[PDB]
Structures are given as structure tokens and as C-alpha cells.
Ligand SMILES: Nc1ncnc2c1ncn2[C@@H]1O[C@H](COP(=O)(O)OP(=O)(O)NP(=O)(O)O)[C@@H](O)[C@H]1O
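Only one chain comes next, encoded as C-alpha cells, the form deposited without the named molecule.
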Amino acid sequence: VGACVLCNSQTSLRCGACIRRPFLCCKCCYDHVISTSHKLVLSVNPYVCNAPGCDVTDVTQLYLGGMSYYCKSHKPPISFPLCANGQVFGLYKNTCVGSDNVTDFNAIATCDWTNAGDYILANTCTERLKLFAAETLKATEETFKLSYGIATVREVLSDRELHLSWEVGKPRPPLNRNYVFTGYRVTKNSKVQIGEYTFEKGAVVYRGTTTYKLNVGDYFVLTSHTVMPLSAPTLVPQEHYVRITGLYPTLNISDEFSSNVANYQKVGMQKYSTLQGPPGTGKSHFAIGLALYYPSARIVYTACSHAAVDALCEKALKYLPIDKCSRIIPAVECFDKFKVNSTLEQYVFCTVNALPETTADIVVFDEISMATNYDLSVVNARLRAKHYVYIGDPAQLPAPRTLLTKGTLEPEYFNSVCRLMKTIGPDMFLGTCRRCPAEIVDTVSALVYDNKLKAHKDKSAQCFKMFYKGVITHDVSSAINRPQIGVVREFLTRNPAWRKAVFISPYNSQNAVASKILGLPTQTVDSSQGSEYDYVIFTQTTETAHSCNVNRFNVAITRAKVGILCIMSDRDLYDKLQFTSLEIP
């Protein structure tokens, strides 16, 4: 028994064909089964023919006879159809409201999540269907991971370099960072974990979490997880106040946090607030300063990634008493300078998935662009807070959507928070970039920030762009542009100072070839998010949707403190770069 995900009406029915088995009311179950392929219905029991070796499961071909379910062919003379009167038969028949249209629910229930349109719907439907969609998508993502073949160590060539044998009649996952494996040793009658791993083309390179002397018949699978049901909204109902509520402003604050005093007061005067922090504008400084402005406030700092949490930890360690901080860790190497798993500590740093059920004066949820609606709901379920602050940048990268192949995901569809920030605007904006030369700031100010982002630094004059398509080769899941690397090679010979540069591209394969040819450290745009370097060399590699995506371009060029070389495939983004043009040697 439970609540219908369309009406809320009490019900004894779940759709057995839906992967999350959502409770549907007599009417909503009916409208769902007759307008889709979903015909298996579950109650206290499953609506299936309780006849011996009858296969009939379709509820519309089934009848209650006695206290058992039968099809047409096996039913007793005294029976009634389970599925008639615009209703499916279960408890609480007399309390059932229905809906005008069941169309959004059916689309969520039946879509394969390969098209942007599925995520648009998941983010504009009713709040109750946002949760259904978020569960459904996530269960679908975890199942897609099982669809991948096992990789088995066929030969150890060296340290860090292997030969894999792949399970026949199942696809191989992409060999990039967005696919994290887990090793396993063959035991008497079982298997035991041996740390997570990632692979890249060579033979394959592997950069595992822990170190080992792994040997033949050792195997690797992407760890999939049980997805729990969601209950809490993606956002609590908003409230505006006429005074700061449940918080006590400090009387003395350092001129280090004085720029955020108005913002800090705004946090205290509504239930939740959104802070758009562009690259290098002081998001973690904001987040910790909030503790100093409200010194008695119990604050839970959360984010999706251990790295995002640890960065809040590093910033805390420098401003907050260490004995008032705790890092929550469940039973990967993260931040180890705070007492571990002390929930009742004033300052709690903890990833979304490991959050305890607790209260707080303020919840700071950082790197919000990377959050899914699933994450947003979990936080609301675990943390009852007086104030929620959502910090991030809808102009930066979202969580990879492993299943999305067709269409682009616009930032207003990344999650409910980014939706608000893109529709009504952010509550608070960090308007001054301290990281980047003015050429980069000016470029992205106009590209994605509506000319509201201001440079601290002057022009560097070390910001260059070259228009060069070169030559694109494709391997199994990546792109390579050797001539764009050649242009970088010739540039470096005439500009040896740039040998301190980081190499960035939209493709792991481009990066692997650049690494060998240039010896620069490499990053994907996606892995560079949150990092900064003095000098950046960027090869666009292709002009795909992937490589021209404005959020990815934005992250790519805002990594640079001093200089950047952009080797561009795309005339559009080339013409938007406010950088000195260089001809081709």
C-alpha cells in the first residue's frame, strides 16, 4: 500500500513494468496500462493468472475469481475483470481522484533517457514526477553499467600497463575517467574487492585508487548500486523573511569577508538562496565566510564529489577551529585533518550520498551544476535546515549523463537549482574574477555571464588563438587531432616559457597523444573544473556539439591565471575569443 505518484490518492497497486514500480491509484494505474505497453500490475500480490502453467500477466486480460487472479481461459464462472470502469481493481477504490493528463508520467515511465527531451521533461514536470524521473533515470543508468562486459587481465605487460580480454556478446565501456571500474581476485567460492580503477588506451594504461601486484584472471566491472526511493522535494518551499531568521550576525568580521556581508544577510532572510560563482570569484571563500559571519550557526557543507567536499575542508582548515569541524566518511582517500564521523560537530563536511539524518542552521550545497535532482532530493531528505545555500555556476559543467546521446542539455535543465538560476536568476552573484587575465574574463563575461563578470587582473597579453582544423581521427570512443598537437609543438619550440603549461582538450585520446608528444601534464575540460594553472594550451580537436559546448568552452579557458593558447576548430567560438590571433607556420 502507498501513495499514487500522480494523485497522491492512497492505493494497493504498483505498475510492475515500470523499473521503480511506482504506486498508481485505481484511475492512474488504468490510464497508464491502457495508454502504454505496461500491463503487469502489483498489489499486496502480483496481478498474474494463478492457474498452473498459464503465462497471462496483462491486467486487461485478467479477472478476480474467488481470491485468486485468472485470465479469460482459466477463470471460475463467478469472477469480475481486474481492469474495467476506467479503473484497475485494488484497495481504496472509493478514495481515488485521477488526473486530466497522464502523458508526462507515461513518457518518464517509458523513455530510454538517450534524448535531451527526456531530461527537459524530468526537470519541468510536477515536483512529484521530478522524483519519479530522477529515480527512474538513475536506476536506468545503474542497469546500463551491468550491460557492459567484464574485462579480465589476460597478460601483465608492465606496471600501469595491461592486456584485457573482454566478455563476448556485451559492449565494452569507454576507457575514460567517467568510467571508474573495480578489480577482483578469484577466490575458492567467491570474489573480494581490490580497489576501484580507471583505464585509457595504450594494451591499456590503468591508474587505480590503491596499489597492488595484480595478476592474470583478475577482472574489472563498473560497480553498480541499489537506487533508493526519493521522498523529499528537489527544493523545499521558498520563504522570504523580514529579519535574518535563526542566525546571529557577528559584531566583528575581517575585511577578508566584508564583500559578502550583504549576501550573508540575504542568506539569513530566505529559506534557500542561490549563489552563482563564476570561475575564480570566491565560492569556497563565500561558503567558509558564512561560518565567520554567523559564528554560533551549525553548518553542514555538502557536495556530490569528495574533491568538492575536501576543497571546502581545505578552506575551512585555514579559517575555522579544527575541533569544531568533522569530515563524514562512510565505511577513496579524502580529507583527514578533522575528527571522522562526528555528526554533532558544529561544522560537518560530507558528500551527498554519505549525509546523516541531522538538522543544521545552514546547509551549504557546493558545486550545484554537478548535482542531479536525485542529489537535491537526498539532501532535503537527510538535512532539515533553517537555511539552504546552493553554490555553483550553471555556466560550468553538469554531471555526465552516461545515457544521453541525442541533443544538448541546456543549463536550465541540469537540476531544479540551475533551473531557478537560469529562469528567475541567481539570488547572489560573485561578479569579480580574481583568477584570469582580462582577455579570458571579457570573453566569458559576454559568452555566458551577460557581461556581468568583471576582471580583477589586467590584460596579460599572453592570450592567443589559432584557427586550424587540422585532421580528425576517431578511435573507439574519442577523437584525436595530431596536426593541432603539431601546431602546439612548433609554438612551444618558439615559446619555451609555455613548457610549464597544462594541456587541455575535450578528448582523453587527444590528451594521451599530446602527453607523449609534448610532455605537458594533461586534463580533460571535465576533469580540469575547479583547478587553475598559470598557462593553458587548449586544442578543440573537433567542432562537435561536445567540443563547442559553451559551458565546456567556459571551463576550458577559465583555468588560466596568466596565459592561454587556444587552437580552435570552430569559427564561431574562435571569433568569440578576445585573444591575439596567430597565423599557421
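Just count from 1 along the sequence shown to find any residue number. Rigid core here is just the name for the largest C-alpha set that superposes within 1.5 Å across the two forms.
Only in words, not in the display: the form solved in complex with the named molecule, which the text now covers.
435, 138, 469, 75 - the one with a heavy atom within 4.5 Å of the named molecule in the bound PDB entry: Selected residue: 435.
Please run the contact check for residue 367 against the named molecule in the bound PDB entry: heavy atoms, 4.5 angstroms, yes or no? It does: once the named molecule is placed as it appears in the bound PDB entry, residue 367 has a heavy atom within 4.5 Å of it.
Going by a heavy atom distance of 4.5 Å, is residue 173 a contact of the named molecule in the bound PDB entry? No, residue 173 sits far enough from the named molecule in the bound PDB entry that none of its heavy atoms falls within 4.5 Å.
Taking the named molecule as it sits in the bound PDB entry, is residue 481 near enough to touch it, meaning that at least one heavy atom pair lies within 4.5 angstroms? No, residue 481 is distant from the partner.
Exercise: residue 531 in contact with the named molecule in the bound PDB entry, heavy atom 4.5 Å: Yes.
Choose one stretch from 114-122, 158-166, 255-263, 203-211: the one whose residues place a heavy atom within 4.5 angstroms of the named molecule in the bound PDB entry. This holds for exactly one stretch, 255-263.
Could you tell me if all three of 282, 285 and 396 have a heavy atom no more than 4.5 Å from the named molecule in the bound PDB entry? Per the other structure, all of 282, 285 and 396 touch the named molecule.
Taking the rigid core as reference, which of 126, 477, 258, 353 is displaced at the C-alpha by at least 2 Å between this form and the one not shown? None of the others reach 2 Å, which leaves 477.
Would residue 430 count as moving between this form and the one not shown, using a Cα shift of 2 angstroms or more after superposing the core as the test? No, residue 430 moves less than 2 Å.
On a core-based superposition, does residue 295 travel 2 Å or more at its Cα between this form and the one not shown? Comparing the forms between this form and the one not shown, which are aligned on their rigid core, residue 295 does not shift its C-alpha by 2 Å or more.
For residue 88, is the C-alpha shift between this form and the one not shown 2 Å or more after core superposition? After core superposition, the displacement of the residue 88 C-alpha between this form and the one not shown reaches the 2 Å mark, so yes.
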